[PDB]
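Proteins come first, then strands; the chains are lettered A, B, ... in the order of their sequence lines, and each starts at number 1. We use all heavy atoms of the structure for the numbers below, so side chains are in, but hydrogens, waters and symmetry mates are not.
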Amino acid sequence: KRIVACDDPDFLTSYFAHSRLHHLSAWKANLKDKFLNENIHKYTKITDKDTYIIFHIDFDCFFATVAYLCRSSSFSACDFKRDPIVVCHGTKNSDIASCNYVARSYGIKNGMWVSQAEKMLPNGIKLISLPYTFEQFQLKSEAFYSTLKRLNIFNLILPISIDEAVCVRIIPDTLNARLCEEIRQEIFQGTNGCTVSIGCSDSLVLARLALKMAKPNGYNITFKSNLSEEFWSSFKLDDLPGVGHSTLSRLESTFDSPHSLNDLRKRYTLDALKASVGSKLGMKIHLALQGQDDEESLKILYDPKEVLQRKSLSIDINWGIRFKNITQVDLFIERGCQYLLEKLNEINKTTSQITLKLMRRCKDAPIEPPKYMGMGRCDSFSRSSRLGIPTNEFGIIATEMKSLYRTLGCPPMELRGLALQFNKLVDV
DNA sequence: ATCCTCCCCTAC
DNA sequence: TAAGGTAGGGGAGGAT
Ligand SMILES: Nc1ccn([C@H]2C[C@H](O)[C@@H](COP(=O)(O)OP(=O)(O)OP(=O)(O)O)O2)c(=O)n1
Ligand SMILES: [Mg+2]
Ligand SMILES: [Mg+2]
């Protein structure tokens, strides 16, 4: 019991063992690598000449499904179909990593705090909190990916995350529904009780939207030609890939608060969209609302090996950071370089460029944030440097990192988060 | 134009 | 209390 503090040599070990976000990142990097290792001698890229169907396949409320299947006996009482269930560490300002669809019927969402969620429950409804079972998440994910491989359906299986894969069938010069059904069935068995939904389309963007539409335990087909207003009407603006909270808020401020993708598509003009959200992103949204992928998104089909090749490496710690003096900070920075250099040597790379980035308490923010041990409201400060030669040397790297911290000049007592980055990685 | 640094955003 | 990580697209503004 009793959490290891940031000035302890084993902070990172203990914090990473508990952070579900760190697992998500680690599992993602490992799946990319596993992809590169398995396809060393496989000719891999899709062409413009190629005709293809995307099957975007994703576990439903993963984590809540798997924590529930693996639950301890003191929750046998529990019932996935009727009870609101979440997976989380605590009881107040503690993130809900995953909630089941009964929880979502009350308005509860994945990154919400437990205290916020319990306000949403009417009288006589009790939130059930399950613990994380990281090993088990990983076992179901393995069963998933081996099951996909074993059916011999796809020309290519792109790992996007621990519970999600984009699968491509190449069609030379009805079936699709049976294939959806087989995949959902075989994954449900190979996994034991877990459910997957499937979006199937001729675009990556439509497949992702079809997936959302399918989503409690179903599949949904939807091609560029099946687009209708009743389809677009069913999606929030941030159901678009690449649109999240800031873009939502900009889209709303520009197009008088459109409430569904349908309302947006009827109101927007390419020009105003670009001026609003960026251009690129605006361009992406534009193409999306016609069912089409932007060029950036497509690189993953036209060259998976490149897109999936890791181009940088870092840690980023924004919880539990509390220091009194620079000695503690320097030692921490040194430990973080030690950790990172073990990773760098494991992937047989060196670095030519480094960044130290930090979160500093805003002038106006309480010294102790509402979230226990949290970073609270902060400003970002970042500085990078080019190394003369690519190296994996501790002395070069740790010294420049401690040097970069002095240049940003954050008093230790104000530090609330810190990131150490190797931008630019050089082979061999 | 283009490139570089310091961010912001999104994903999951 | 509680574990707010991390890769990588992208833009603004200065430097060339
Ligand atoms: N803010 C978030 C979002 C997700 N994850 C974790 C837990 C989720 O179970 C898993 C996969 O994330 P998804 O976005 O796919 O969401 P779910 O699988 O939970 O729900 P859905 O049925 O909407 O796919 O990643 C998390 O910890 N915090
Ligand atoms: Mg999911
Ligand atoms: Mg997912």
Side-chain angles (χ1 to χ4, degrees), chain A residues 2-6 11-29 31-32 58-59 61-63 88-95 97-98 110-111 113-115 129 131-132 134 137 141 159-164 208 238 240-250 274 277-284 294-297 299-300 307-321 340 343 353 355-359 368-386 408 416-423 425:
Chain A
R2 186 164 248 127
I3 294 184
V4 173
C6 51
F11 177 73
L12 293 178
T13 297
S14 163
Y15 174 55
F16 288 165
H18 289 266
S19 155
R20 93 282 193 182
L21 297 176
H22 172 268
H23 288 258
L24 232 36
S25 280
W27 279 323
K28 176 194 198 20
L31 290 170
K32 299 183 172 186
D58 175 288
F59 282 73
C61 48
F62 182 57
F63 270 44
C88 66
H89 283 296
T91 54
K92 196 203 265 108
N93 304 332
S94 166
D95 272 19
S98 174
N110 292 356
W113 286 347
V114 175
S115 46
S129 296
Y132 290 88
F134 293 112
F137 302 147
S141 168
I160 305 312
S161 165
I162 210 262
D163 74 332
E164 159 170 21
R208 216 230 153 300
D238 55 334
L240 288 173
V243 176
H245 170 276
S246 338
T247 304
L248 222 185
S249 143
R250 301 174 172 120
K274 294 174 137 208
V277 297
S279 158
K280 261 305 140 86
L281 209 207
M283 198 59 236
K284 174 171 174 64
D294 60 301
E295 253 134 333
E296 192 45 45
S297 304
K299 289 167 174 181
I300 202 195
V307 173
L308 291 200
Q309 212 79 64
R310 181 196 274 284
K311 293 124 227 295
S312 65
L313 176 66
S314 77
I315 55 161
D316 216 315
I317 310 291
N318 300 280
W319 191 75
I321 263 47
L340 282 187
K343 291 262 179 313
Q353 193 188 204
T355 297
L356 174 310
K357 185 253 173 187
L358 69 77
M359 288 311 261
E368 284 298 348
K371 166 183 190 91
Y372 186 68
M373 286 296 116
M375 63 184 246
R377 211 190 63 263
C378 287
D379 298 311
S380 281
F381 286 78
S382 174
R383 187 162 232 275
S384 81
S385 69
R386 276 273 159 54
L408 292 172
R416 291 284 186 278
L418 190 285
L420 306 180
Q421 313 181 337
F422 299 170
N423 324 278
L425 299 175

Can you figure out which of [options] approaches the side chain of [X] most closely?
X: A:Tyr15; options: B:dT5, C:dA3, B:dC9; value: C:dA3
X: A:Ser94; options: C:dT6, C:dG4, C:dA2; value: C:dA2
X: A:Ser380; options: B:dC8, C:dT6, C:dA2; value: B:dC8
X: A:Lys311; options: C:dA3, C:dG4, C:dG8; value: C:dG8
X: A:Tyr372; options: C:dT6, C:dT1, C:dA3; value: C:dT1
X: A:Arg310; options: C:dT6, C:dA7, C:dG4; value: C:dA7
X: A:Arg250; options: C:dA7, C:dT6, B:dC9; value: B:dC9
X: A:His18; options: C:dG5, C:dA2, C:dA3; value: C:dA3
X: A:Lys32; options: C:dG5, C:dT1, C:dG8; value: C:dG8
X: A:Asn93; options: C:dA2, B:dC4, C:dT6; value: C:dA2

Notebook entry, point to check: Hey, what's the ring geometry for A:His23 with A:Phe134, parallel, tilted or perpendicular (30° and 60° as the breaks)?
Noted result: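 Taking A:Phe134 first and then A:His23, their aromatic rings lie parallel (interplane angle under 30°).
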
Let me know the distance between [atom1] of [X] and [atom2] of [N], rounded to the nearest Å.
X: A:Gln353; N: B:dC6; atom1: CD; atom2: P; value: 9 Å
X: A:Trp319; N: C:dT6; atom1: CH2; atom2: P; value: 14 Å
X: A:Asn423; N: C:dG9; atom1: CG; atom2: P; value: 13 Å
X: A:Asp316; N: B:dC9; atom1: CG; atom2: P; value: 15 Å
X: A:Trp27; N: C:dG5; atom1: CH2; atom2: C1'; value: 12 Å
X: A:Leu21; N: B:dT10; atom1: CG; atom2: P; value: 16 Å
X: A:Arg20; N: C:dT6; atom1: CZ; atom2: P; value: 13 Å
X: A:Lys357; N: C:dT6; atom1: NZ; atom2: P; value: 12 Å

[N] phosphate, OP1 or OP2, under 4.0 Å from [X] side-chain N/O:
X: A:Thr247; N: B:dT10; result: yes
X: A:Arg386; N: B:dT5; result: yes
X: A:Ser19; N: C:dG4; result: yes
X: A:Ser14; N: C:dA3; result: no
X: A:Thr355; N: B:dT5; result: no
X: A:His23; N: C:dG5; result: no

Would you indicate what [X] reaches in the nucleic acid, counting non-hydrogen atoms under 4.0 angstrom: base, sugar-phosphate, or nothing?
X: A:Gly242; value: sugar-phosphate
X: A:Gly282; value: nothing
X: A:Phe62; value: nothing
X: A:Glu368; value: nothing
X: A:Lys371; value: base
X: A:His89; value: base
X: A:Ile300; value: nothing
X: A:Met373; value: nothing

Margin query: Once side chain to side chain contact (heavy atoms under 4.5 Å, CB included) is applied, do any residues pair with A:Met375, and if so which ones, sequence neighbours excluded?
Written below: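 With sequence neighbours excluded, A:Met375 shows a side chain to side chain contact (heavy atoms under 4.5 Å, CB included) to A:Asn318, A:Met359, A:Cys378, A:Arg416, given in chain and number order.
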
Next item on the list: Kindly write out the residues that satisfy side chain to side chain contact (heavy atoms under 4.5 Å, CB included) with A:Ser129, not counting sequence neighbours, or none if the list is empty.
Entry: A:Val86, A:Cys88, A:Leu127

Note to self: Assess, by modelled atom type and distance only, whether the side chains of A:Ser312 and A:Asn423 contain a donor and an acceptor separated by less than 3.5 Å.
What the structure shows: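 Side chains of A:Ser312 and A:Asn423: no pair found under 3.5 Å.
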
Give a yes or no on whether the backbone of [Y] and the side-chain of [X] come within a donor-acceptor separation of less than 3.5 Å.
X: A:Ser161; Y: A:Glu164; value: no
X: A:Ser94; Y: A:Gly90; value: yes
X: A:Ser314; Y: A:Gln421; value: no
X: A:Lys357; Y: A:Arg383; value: no
X: A:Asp294; Y: A:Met283; value: no

Next item on the list: Would you mind building the protein contact string for nucleotides 10-16 of chain C? One character per nucleotide, 5' to 3', B for base within reach (heavy atoms under 4.0 Å), S for sugar-phosphate only, - for untouched.
Entry: SS-----

Note to self: Using the ring pair (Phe, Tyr, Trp, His ring centres under 6.0 Å) definition, which of the options A:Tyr372, A:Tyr132, A:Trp319 pairs with A:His89?
What the structure shows: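 Only one option passes, and that is A:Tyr132.
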
Margin query: Both A:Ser314 and A:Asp95 contact DNA chain C. Which one's nearest nucleotide lies toward the 5' end?
Written below: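 By nearest-heavy-atom nucleotide position, the 5'-most residue is A:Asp95.
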
